[PDB]
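**Q** Coordinates for the following, if possible.
(3 chains, ligands or ions: 3)
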Amino acid sequence: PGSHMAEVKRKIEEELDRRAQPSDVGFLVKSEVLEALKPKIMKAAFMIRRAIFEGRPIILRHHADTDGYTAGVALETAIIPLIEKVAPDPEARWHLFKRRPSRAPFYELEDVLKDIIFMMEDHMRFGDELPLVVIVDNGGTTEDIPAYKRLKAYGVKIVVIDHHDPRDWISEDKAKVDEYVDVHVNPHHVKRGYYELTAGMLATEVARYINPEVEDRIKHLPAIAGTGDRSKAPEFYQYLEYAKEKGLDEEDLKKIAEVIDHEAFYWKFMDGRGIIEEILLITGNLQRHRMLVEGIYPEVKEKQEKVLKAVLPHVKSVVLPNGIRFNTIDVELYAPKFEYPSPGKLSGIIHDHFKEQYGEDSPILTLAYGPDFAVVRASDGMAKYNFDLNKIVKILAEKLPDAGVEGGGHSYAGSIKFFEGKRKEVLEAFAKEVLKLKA
Amino acid sequence: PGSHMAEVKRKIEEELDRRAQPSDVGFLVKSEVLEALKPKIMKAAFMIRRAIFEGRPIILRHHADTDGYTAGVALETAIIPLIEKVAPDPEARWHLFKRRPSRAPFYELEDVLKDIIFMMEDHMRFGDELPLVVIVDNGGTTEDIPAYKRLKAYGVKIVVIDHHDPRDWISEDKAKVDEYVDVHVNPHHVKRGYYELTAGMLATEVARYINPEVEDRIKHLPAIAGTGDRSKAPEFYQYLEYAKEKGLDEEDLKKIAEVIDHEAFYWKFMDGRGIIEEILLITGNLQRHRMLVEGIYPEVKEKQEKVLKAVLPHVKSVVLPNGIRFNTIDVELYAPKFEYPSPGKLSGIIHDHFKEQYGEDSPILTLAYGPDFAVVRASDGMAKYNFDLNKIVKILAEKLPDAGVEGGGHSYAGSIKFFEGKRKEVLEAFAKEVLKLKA
Amino acid sequence: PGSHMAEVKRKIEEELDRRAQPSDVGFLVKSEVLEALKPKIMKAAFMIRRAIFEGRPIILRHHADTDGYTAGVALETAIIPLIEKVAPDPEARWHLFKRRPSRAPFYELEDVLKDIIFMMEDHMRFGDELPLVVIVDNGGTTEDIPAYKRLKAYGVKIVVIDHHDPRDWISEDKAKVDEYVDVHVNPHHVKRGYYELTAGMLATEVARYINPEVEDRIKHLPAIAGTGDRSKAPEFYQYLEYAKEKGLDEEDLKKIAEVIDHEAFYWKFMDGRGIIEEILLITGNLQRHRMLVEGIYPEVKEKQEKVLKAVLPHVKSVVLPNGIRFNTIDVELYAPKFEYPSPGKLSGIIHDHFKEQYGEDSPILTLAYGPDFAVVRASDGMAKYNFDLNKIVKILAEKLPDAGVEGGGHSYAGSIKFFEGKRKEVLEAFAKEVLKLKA
Ligand SMILES: [Mn+2]
Ligand SMILES: [Mn+2]
Ligand SMILES: [Mn+2]
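**A** Numbering: from 1, shown residues only, chains lettered A, B, ... in the order given. Ligands and ions are numbered 1, 2, ... in the order given. The coordinates are given below.
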């Protein structure tokens, strides 16, 4: 009776463990970082494959930019075929895998609460198991913990593939966030500061372990992802060779990245299925890829040139006594609100213009502000002055405890929030900290 | 032919009337107000049970706060089992009952128009009857009439369970809104001003008449609802005993209420199914309830403390000649826009702080304003000065006919709207009315 | 084998061509413009009928105002019955036709990207062919081309039924946009400037060619559409007679139009199915139509009167030396934000008031502005001064290249956008251009 069913179940669990084990397929490039991450990469692939083979649903959340979309689509491309080979139902693909972008740089409560409500409905209504959750290009920080506390109330297992700094280290290779997730694939564990190995690179390698058969289809994705995130990693320069083999040079890759970020701005919370795959060149439909990229890119380029031409006259640029070129722009007063490009993207376009004119290695700091936020971008040259945005933000919060100062990101790129009524004081204090920097 | 079908239909209608009659199960507490409301309570339960037994769908709309969610979930908990016992289809639960929160304190046109479009699709596409509409913690005022005029164009029957003042009385126990709905359960009909018998209390009692079998599961809900709405009713202090029996003390209840209001802020238009039931302790899954409340509450507490610490230095507090402590805070300039806590919730947190420091019975008036709105909170002590927000709003509208003044709510708690360009004049006139109050 | 299937397919294509041919049913009114548009009208109907007969889905996009809704519903009313007669499945109606409003006056990227994602899902998941796309009261301009470039990457066929000026003419009867669509029905091709033959007029005639059987049901729709768009066309005054036959006088039509624009404001991205048909009087349910229009219209009228009374004292009206009456109103400072009526609608209500008081033929220019936009309305009297908004906008952009000036619309009605920080300069320059106009 129950003994028959239990003994058969126990054997099924064991055979699932065995079949889920990924092969050691190595990597597409040479990298000591990837080699050091191999055990966690193989564990991630094991967990994903096991969910697939047991008919458990998967939710894949990814950040909504080129690197994130590329990473998410890499994983989807490996997963879907496996789901289709083991499922009798042709609806299984659509039902047992969901990809959802996150516009925020962390797993927002609105996102996780939606994921929980949706998964609980499928559970109660159709008897589905609760899903494996895979978070990509997000998830590896302390800001993600609130979401994970909620998922753990449901016994949900969680895979993270990210390349942002977890920051709060509890040991040499363990961060605070790691206690709330089951496997965390992140270069920062094996080499602190190695942001340049991006989510799309990591995710493509994980995807190869999940399903070695999709290698040839996706091996160029890391070049697209690295272009999106502007990686200067030795791994990236190897990954580029796979794109070249398919006829994509470096300018092609840049156009593709710009197209993805533009289209994703407009489709918002939708996932771009039916479009993103064509842009990323993972279907055999070369003509549709060309029509999309050649149709869209000129439009994107023209918008950027138009907005730059109109906004640039309002950018104040001063060379400070220490040699720093400090640029400021009020993107509430002198930018089109709610339109492409967003303040973040606009600040990048302005910053790039100053880099093209004066050089990336010149010390350039671009501050783009609204009523209650500022986006900050620092050229590589700012490293010569030990510019660290996180340190400056902590300083500002301590000097102005009533101004609601918050944020940061990278030491060289990120954003600040503050109370609108204390903007003048916060930004003047920010400027004083920049003046005081020493070579 | 048609005579066979018609005679059988007529007998089915009569047996439906008979079976729908609820038993007189009394109440969970002693209350002359509930006793006086019994006929309408029994009518509400009759209408709901009848819809269920005829296979008619039900839409339940409720305000999106602790009292409203609690009330809605109380009713759902009684209804779903009955639907499942009479329906052959296991999809009947999901199809023939819908719970939809309303963030507005009235049945907004966007909500009712969506309800009508959705119900008309089910009608035309699947042949469903048009639903019984049950509105809870909303619906009992003149601001709800526009929605009801639209529903009545479709011959829809409407149950209202609310505890806000209908205001526009046409007789001793009948208000203007009552002409547009089929049964209105509201303590104000039998005892004017008795707001402290809240929707979750009322709805739990209605739920017991709908389905006496769920009594033990939901009899603690009124304690949660009353905590959310800060009821000081004699009924509330009895209802608390049912929560104590299940191990929930008064601090537990407060944490639960704070958790609901926090989570509901983030899930927005979603209904929280799969989560809210766990927080409200109506499943047997004690561990999940604990993980959610103990996981979430510290996070909620920390956000409130952080925001309070940052905002408090910007609150102006003056004791006026008449003894009133008048607090003002610009929540556009000195609060985080679009984040938890909302302006309404923030004003409450600031107001509570002033109450803790100076006492609830001291006369405290907290005015939190943005560009074009203000939230007003008056301590019990303000009653000694005959403070009435609705009267003050009428005065302001008459003195400043070009300023677009509108709103009110309770005599002691509510909000004003006005034209941004007349803010100074409106708020200075508001302050003069407060100065002129006499003990 | 493949020869059997291919020969049968070829014959099916030929019989589809034959059956899709519409009858020459003439028109409901006398019109040289319609006569000149007949070949394109018949082509539009051919393409729509062919899609229906082959079981291809149709997406109908329309602008979200009275004229657009009326046009969309006219076409839906003709299409649905044909779909139902040729489809075995009773779900075919719901699956093979979709009507989606567009709030923007062009085919926005957010709309088209959603259409592409949705159509690609149906394609991949259910094997549906890609749809015929029909755009109505939008689509006939250069601002629509980006959407069409994306649709053409998927080989999608596109029908446009619009009455806005394509502007960018490449020959006498061909505009730039025409290269991206398969048939464009627009009076401007055969008579430049003939905006007064509106989308609902055009669409009703197309609908008659699609399905002559629905003529009697929809022949009054053009009167509603023309009322919404305030057409003074000779065709309109004929179309009115069909409304009179059904008991709708000119005041009834105005109430209907005001009701549609009000309700559509609140249901937003939803399509109003189950409601709009009743308001438009195309069902046999006269009582529901009456309850909706008589229930809703007084509420609409009261809102307009209330807002007008409160806002009018803030309108500055000056008669300029040249005789022009120039009205200005700051609708950010002195109007209710986010509520009915929108800035566009509010400007119309203010403008109408000035027209009622001083006459339509008096030269009246109403400028309603926010932080970063302005809505402009010119009475017929402004024609005596050669007022052209598009020319003025070009002038402003050239004089103020750093102010981000954009927009236009009609020579007499439209809107400008600009950078908030250059508002003063843009509006003062706008006012100088108006001062300089000569009779
Ligand atoms: Mn990345
Ligand atoms: Mn309540
Ligand atoms: Mn139109």
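
**Q** what's the neighbour count on the closest residue to residue A:205 other than its chain neighbours?
**A** Nearest non-adjacent residue to residue A:205, counting by Cβ to Cβ, 6 or more residues apart in numbering or on different chains: residue A:27, 5.6 Å away. The C-beta positions use only the backbone N, C-alpha and C, and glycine is treated the same way. A count of nearby residues for residue A:27, using other Cβ atoms under 10 Å in any protein chain shown, gives 19.

**Q** sec struct for residue A:27, please.
**A** coil (DSSP: H, G, I helix; E, B strand; the rest coil).

**Q** you'd agree it is up against residue A:34?
**A** Yes - under the criterion of Cβ atoms under 8 Å, residue A:27 makes contact with residue A:34 at 4.9 Å.

**Q** Between those two, which contacts overlap?
**A** residue A:205 (Cβ atoms under 8 Å, 6 or more residues apart in numbering or on different chains).

**Q** And the residue nearest the centre of chain A?
**A** Nearest to the mean C-alpha position of chain A, by Cα atoms, centre = their mean, lies residue A:137 at 3.0 Å.

**Q** does chain C sit close to stretch A:264-284?
**A** Yes - using Cβ under 8 Å from any Cβ of the partner chain, we find that stretch A:264-284 touches chain C at A:266, A:267, A:268, A:270, A:271, A:272, A:273, A:274, A:275, A:278.

**Q** Let me know the closest of those residues to residue B:231.
**A** Residue B:231 has its nearest neighbour among the residues of stretch A:264-284 next to chain C in residue A:268, at 41.4 Å by Cβ to Cβ.

**Q** so what's the closest one up against?
**A** Here residue A:268 is in contact with A:103, C:110 (criterion: Cβ under 8 Å, 6+ apart).

**Q** State the phi and psi torsions of it.
**A** With angles defined as degrees, to the nearest 10, residue A:268 sits at phi 60, psi -110.

**Q** how near is it to residue C:114?
**A** 9 Å (Cβ to Cβ, to the nearest Å).

**Q** okay, now residue A:328: neighbour count?
**A** 18.

**Q** any idea how far residue A:125 is from the residue of the stretch 251-400 of chain A found nearest ligand 1?
**A** Taking Cβ to the ion, ligand 1 has its nearest neighbour within the stretch 251-400 of chain A at residue A:257, 11.5 Å off. Distance of residue A:257 to residue A:125, computed by Cβ to Cβ: 40 Å.

**Q** More neighbours: which of these two?
**A** Neighbours were tallied for residue A:257 and for residue A:125 using other Cβ under 10 Å; the higher tally belongs to residue A:257 (23 against 12).

**Q** Now name the helix or strand holding that one.
**A** Here residue A:257, judged by DSSP states H and E, is contained in helix A:250-267.

**Q** now for stretch A:54-62, what's the gap between its first and last residues?
**A** Using Cα to Cα, to the nearest Å, one end of stretch A:54-62 lies 24 Å from the other.

**Q** any idea how far it is from the chain center?
**A** 18 Å (Cα atoms, centre = their mean, to the nearest Å).

**Q** what's the answer for stretch A:216-229, then?
**A** 13 Å.

**Q** For the helix or strand in which residue A:306 is found, list every residue counted as buried.
**A** Taking DSSP H and E as the criterion, residue A:306 maps to helix A:286-311. Going by neighbour count (16 or more other Cβ atoms under 10 Å in any protein chain shown), the buried part of helix A:286-311 is A:288-289, A:291-293, A:295-297, A:299-300, A:303-304, A:307-308, A:310-311.

**Q** Same question for stretch A:167-186.
**A** A:175, A:177, A:178, A:180, A:181, A:183, A:184, A:185, A:186.

**Q** does chain C sit close to stretch A:68-79?
**A** No - Stretch A:68-79 lies out of reach of chain C by Cβ under 8 Å from any Cβ, never closer than 13.1 Å.

**Q** Take that stretch, keep the C-alpha atoms, and write them as PDB.
**A** The C-alpha trace of stretch A:68-79 is given here as PDB (Å, rounded to 0.1, in the frame of the first residue of the first chain):
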ATOM      1  CA  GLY A  68      20.500  40.500 -17.700                       C
ATOM      2  CA  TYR A  69      18.300  39.700 -20.700                       C
ATOM      3  CA  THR A  70      21.200  37.900 -22.400                       C
ATOM      4  CA  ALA A  71      21.800  35.900 -19.200                       C
ATOM      5  CA  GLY A  72      18.100  35.000 -18.800                       C
ATOM      6  CA  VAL A  73      17.700  34.000 -22.400                       C
ATOM      7  CA  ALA A  74      20.900  31.900 -22.300                       C
ATOM      8  CA  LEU A  75      19.400  29.900 -19.500                       C
ATOM      9  CA  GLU A  76      15.900  29.700 -21.000                       C
ATOM     10  CA  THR A  77      17.500  28.400 -24.300                       C
ATOM     11  CA  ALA A  78      19.100  25.500 -22.400                       C
ATOM     12  CA  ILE A  79      16.100  24.800 -20.100                       C
END
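
**Q** So what touches it?
**A** With Cβ under 8 Å, 6+ apart, stretch A:68-79 has contacts from A:48, A:52, A:58, A:60, A:62, A:97, A:99, A:101-102, A:134, A:136-138, A:161, A:198-200, A:202-204, A:206-208, A:210-211, A:214, A:217-218, A:221-222, A:224-225, A:228, A:260, A:264, A:272, A:276-277, A:280, A:282.

**Q** Try it again at 7 Å.
**A** With contact meaning Cβ atoms under 7 Å, 6 or more residues apart in numbering or on different chains, stretch A:68-79 is reached by A:48, A:52, A:58, A:60, A:62, A:97, A:99, A:134, A:136-137, A:161, A:199-200, A:203-204, A:206-207, A:210-211, A:214, A:217-218, A:221, A:224-225, A:228, A:260, A:264, A:272, A:276-277, A:280, A:282.

**Q** Please compute how far it lies from its chain's middle.
**A** For stretch A:68-79, the distance to the chain centre is 12 Å (Cα atoms, centre = their mean).

**Q** just to revisit the earlier point, and the helix holding residue A:306 with helix A:250-267, angle?
**A** 80 degrees (axes from the mean of the first three to the mean of the last three Cα atoms, to 10 degrees).

**Q** Return the list of helices and strands in contact with helix A:286-311.
**A** helix A:250-267, helix A:276-279, helix A:343-358, helix C:145-152 (3 or more Cβ pairs under 7 Å, 6 or more residues apart in numbering or on different chains; DSSP states H and E).

**Q** Of all the ones you listed, which one comes closest to ligand 3?
**A** The nearest among those, by Cβ to the ion, is helix C:145-152 at 18.4 Å.

**Q** Can that closest one be said to contact chain A?
**A** Yes - counting by Cβ under 7 Å from any Cβ of the partner chain, chain A is contacted by helix C:145-152 at C:146, C:149, C:150, C:152.

**Q** Okay, helices next: where are they in the stretch 1-150 of chain A?
**A** Applying DSSP state H, counting those that start in this stretch to the stretch 1-150 of chain A gives helices spanning A:2-20, A:32-53, A:66-86, A:92-96, A:109-126, A:145-152.

**Q** With distance to ligand 2 added, can I get the residues of stretch A:264-284 next to chain C in JSON lines?
**A** Converted to JSON lines, the residues of stretch A:264-284 next to chain C look like this (distance: Cβ to the ion, whole Å):
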{"residue": "A:266", "distance to ligand 2": "40"}
{"residue": "A:267", "distance to ligand 2": "39"}
{"residue": "A:268", "distance to ligand 2": "34"}
{"residue": "A:270", "distance to ligand 2": "36"}
{"residue": "A:271", "distance to ligand 2": "38"}
{"residue": "A:272", "distance to ligand 2": "42"}
{"residue": "A:273", "distance to ligand 2": "42"}
{"residue": "A:274", "distance to ligand 2": "45"}
{"residue": "A:275", "distance to ligand 2": "46"}
{"residue": "A:278", "distance to ligand 2": "51"}
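
**Q** That concludes my questions; thank you for your assistance.
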